[PDB]
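To be precise, the following lines are query03.txt, and they hold compact mmCIF, N, CA and C atoms.
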```txt
# COMPACT_ATOMS: atom_id res chain seq x y z
N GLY A 1 27.80 -83.64 -3.18
CA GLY A 1 26.36 -83.99 -3.34
C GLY A 1 25.57 -82.74 -3.71
N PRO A 2 24.27 -82.88 -3.82
CA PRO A 2 23.37 -81.74 -4.18
C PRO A 2 23.69 -80.48 -3.37
N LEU A 3 23.54 -80.58 -2.05
CA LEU A 3 23.81 -79.45 -1.17
C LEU A 3 25.29 -79.10 -1.19
N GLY A 4 25.63 -78.00 -1.85
CA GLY A 4 27.02 -77.57 -1.93
C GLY A 4 27.46 -76.87 -0.65
N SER A 5 26.65 -75.90 -0.21
CA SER A 5 26.97 -75.16 1.01
C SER A 5 28.39 -74.62 0.96
N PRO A 6 28.69 -73.82 -0.03
CA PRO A 6 30.05 -73.22 -0.20
C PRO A 6 30.32 -72.12 0.82
N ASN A 7 29.70 -72.23 2.00
CA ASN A 7 29.88 -71.24 3.05
C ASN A 7 29.62 -71.86 4.42
N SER A 8 30.69 -72.20 5.13
CA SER A 8 30.57 -72.80 6.45
C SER A 8 31.33 -71.97 7.49
N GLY A 9 30.59 -71.42 8.45
CA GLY A 9 31.20 -70.61 9.49
C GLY A 9 30.26 -70.44 10.68
N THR A 10 29.59 -71.53 11.05
CA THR A 10 28.66 -71.49 12.17
C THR A 10 28.33 -72.90 12.64
N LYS A 11 27.77 -73.00 13.85
CA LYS A 11 27.40 -74.30 14.41
C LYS A 11 25.89 -74.45 14.47
N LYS A 12 25.42 -75.47 15.18
CA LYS A 12 23.99 -75.72 15.31
C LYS A 12 23.41 -74.90 16.46
N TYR A 13 23.96 -75.09 17.66
CA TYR A 13 23.49 -74.37 18.84
C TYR A 13 24.66 -73.76 19.60
N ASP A 14 24.39 -72.65 20.29
CA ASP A 14 25.42 -71.97 21.06
C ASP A 14 24.78 -71.16 22.18
N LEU A 15 24.97 -71.61 23.42
CA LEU A 15 24.40 -70.93 24.57
C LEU A 15 25.50 -70.50 25.54
N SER A 16 26.43 -69.69 25.06
CA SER A 16 27.53 -69.21 25.90
C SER A 16 27.02 -68.85 27.28
N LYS A 17 25.95 -68.07 27.32
CA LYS A 17 25.35 -67.66 28.59
C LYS A 17 23.95 -67.12 28.34
N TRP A 18 22.97 -67.64 29.07
CA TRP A 18 21.58 -67.21 28.92
C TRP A 18 21.06 -66.66 30.25
N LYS A 19 19.93 -65.96 30.19
CA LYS A 19 19.33 -65.40 31.40
C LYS A 19 18.30 -66.37 31.98
N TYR A 20 18.06 -66.26 33.28
CA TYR A 20 17.10 -67.13 33.94
C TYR A 20 15.70 -66.94 33.37
N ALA A 21 15.42 -65.72 32.90
CA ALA A 21 14.11 -65.41 32.33
C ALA A 21 13.89 -66.17 31.03
N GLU A 22 14.72 -65.87 30.03
CA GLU A 22 14.60 -66.52 28.73
C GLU A 22 14.73 -68.04 28.86
N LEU A 23 15.52 -68.48 29.83
CA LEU A 23 15.72 -69.91 30.05
C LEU A 23 14.38 -70.60 30.31
N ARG A 24 13.66 -70.11 31.31
CA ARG A 24 12.37 -70.70 31.66
C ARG A 24 11.33 -70.40 30.58
N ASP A 25 11.37 -69.20 30.03
CA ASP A 25 10.42 -68.81 28.99
C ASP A 25 10.61 -69.66 27.74
N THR A 26 11.84 -69.72 27.25
CA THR A 26 12.14 -70.50 26.05
C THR A 26 11.75 -71.96 26.22
N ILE A 27 11.92 -72.49 27.43
CA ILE A 27 11.59 -73.89 27.69
C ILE A 27 10.08 -74.08 27.81
N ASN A 28 9.37 -73.00 28.11
CA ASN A 28 7.91 -73.07 28.26
C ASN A 28 7.21 -72.45 27.05
N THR A 29 8.00 -71.97 26.10
CA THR A 29 7.44 -71.35 24.89
C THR A 29 7.92 -72.09 23.65
N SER A 30 9.23 -72.34 23.58
CA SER A 30 9.80 -73.05 22.44
C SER A 30 9.87 -74.54 22.72
N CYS A 31 10.14 -75.33 21.69
CA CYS A 31 10.23 -76.78 21.84
C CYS A 31 11.05 -77.40 20.71
N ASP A 32 12.09 -78.14 21.08
CA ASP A 32 12.94 -78.79 20.10
C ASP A 32 13.96 -79.68 20.79
N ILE A 33 14.06 -80.93 20.33
CA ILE A 33 15.00 -81.88 20.91
C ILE A 33 16.31 -81.20 21.29
N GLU A 34 16.69 -80.19 20.51
CA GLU A 34 17.93 -79.46 20.78
C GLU A 34 17.73 -78.40 21.86
N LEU A 35 16.70 -77.58 21.70
CA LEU A 35 16.42 -76.52 22.67
C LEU A 35 16.32 -77.11 24.07
N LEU A 36 15.48 -78.13 24.22
CA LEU A 36 15.28 -78.77 25.52
C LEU A 36 16.56 -79.46 25.98
N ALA A 37 17.12 -80.31 25.13
CA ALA A 37 18.34 -81.03 25.47
C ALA A 37 19.42 -80.06 25.93
N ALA A 38 19.50 -78.92 25.25
CA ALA A 38 20.50 -77.91 25.60
C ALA A 38 20.10 -77.18 26.88
N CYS A 39 18.81 -76.92 27.03
CA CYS A 39 18.32 -76.22 28.21
C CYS A 39 18.68 -77.00 29.48
N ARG A 40 18.37 -78.29 29.48
CA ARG A 40 18.66 -79.13 30.63
C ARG A 40 20.17 -79.16 30.91
N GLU A 41 20.95 -79.34 29.85
CA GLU A 41 22.40 -79.38 29.99
C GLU A 41 22.91 -78.14 30.71
N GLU A 42 22.31 -76.99 30.41
CA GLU A 42 22.71 -75.74 31.03
C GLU A 42 22.22 -75.68 32.47
N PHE A 43 20.99 -76.12 32.69
CA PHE A 43 20.41 -76.10 34.03
C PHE A 43 21.23 -76.97 34.98
N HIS A 44 21.46 -78.22 34.59
CA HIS A 44 22.23 -79.14 35.41
C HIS A 44 23.68 -78.68 35.54
N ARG A 45 24.24 -78.19 34.44
CA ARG A 45 25.62 -77.71 34.45
C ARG A 45 25.75 -76.46 35.32
N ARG A 46 24.94 -75.45 35.03
CA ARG A 46 24.99 -74.21 35.79
C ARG A 46 24.80 -74.48 37.28
N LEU A 47 23.93 -75.42 37.61
CA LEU A 47 23.67 -75.77 39.00
C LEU A 47 24.84 -76.55 39.58
N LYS A 48 25.50 -77.33 38.74
CA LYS A 48 26.64 -78.13 39.18
C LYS A 48 27.76 -77.23 39.69
N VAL A 49 28.09 -76.20 38.91
CA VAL A 49 29.14 -75.28 39.28
C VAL A 49 28.71 -74.42 40.48
N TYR A 50 27.42 -74.14 40.55
CA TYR A 50 26.89 -73.34 41.65
C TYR A 50 27.27 -73.94 42.99
N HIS A 51 26.98 -75.23 43.17
CA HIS A 51 27.30 -75.91 44.41
C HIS A 51 28.81 -75.99 44.60
N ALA A 52 29.53 -76.26 43.51
CA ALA A 52 30.98 -76.36 43.57
C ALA A 52 31.58 -75.10 44.17
N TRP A 53 31.09 -73.95 43.72
CA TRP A 53 31.59 -72.67 44.21
C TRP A 53 31.38 -72.56 45.72
N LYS A 54 30.12 -72.53 46.13
CA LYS A 54 29.79 -72.43 47.55
C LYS A 54 30.64 -73.40 48.37
N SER A 55 30.48 -74.69 48.10
CA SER A 55 31.23 -75.72 48.81
C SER A 55 31.57 -76.88 47.88
N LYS A 56 32.86 -77.14 47.71
CA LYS A 56 33.30 -78.22 46.84
C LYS A 56 32.99 -79.58 47.47
N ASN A 57 32.37 -79.55 48.64
CA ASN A 57 32.02 -80.78 49.34
C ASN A 57 33.22 -81.72 49.39
N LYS A 58 33.93 -81.71 50.52
CA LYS A 58 35.09 -82.57 50.68
C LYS A 58 35.45 -82.70 52.16
N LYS A 59 35.44 -83.94 52.65
CA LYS A 59 35.77 -84.20 54.06
C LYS A 59 36.93 -85.18 54.16
N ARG A 60 38.12 -84.65 54.39
CA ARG A 60 39.31 -85.49 54.51
C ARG A 60 39.35 -86.16 55.88
```
Give the structure from this file in structure tokens form.
Amino acid sequence: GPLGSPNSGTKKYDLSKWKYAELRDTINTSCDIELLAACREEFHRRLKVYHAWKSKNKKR
């Protein structure tokens, strides 16, 4: 089609690891279905593992 794009070597978003500062700042400064959607995914995810570490919560 029109768009040839004879050079592909990157993705759309990538947040291997972000800081708590930029996290809150970017969410309160930037705005985008992706930025926010990704921000929440990291918040919930990062928090999910946080609890898992401390206590995996398990009562046999």
- Message: I'd like the neighbourhood of stretch 3-20 of chain A as a ChimeraX atom specification, where a residue qualifies if any of its atoms comes within 8 Å (using all atoms listed in the file), though same-chain residues fewer than 6 positions away should be ignored.
- Response: /A:26,34,38
- Report the distance between atom C of residue A:39 and atom CA of residue A:24 in Å, rounded to one decimal place. 9.2 Å
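With atom C of residue A:40 on one side and atom C of residue A:52 on the other, the separation reads 18.0 Å.
Atom to atom, atom N of residue A:59 and atom C of residue A:42 stand 25.5 Å apart.
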- Message: For the structure I just gave you, how does DSSP split stretch 22-58 of chain A - specifically, which residues are helix (DSSP H, G or I)? Reply as an MDAnalysis selection string.
- Response: chainID A and resid 22:29 33:54
Which centre and edge lengths in Å to one decimal define the box along x, y and z that fits every listed atom of stretch 4-9 of chain A plus 4 Å per side, as AutoDock Vina command-line options?
```
--center_x 28.5 --center_y -74.2 --center_z 4.4 --size_x 13.7 --size_y 15.6 --size_z 20.6
```
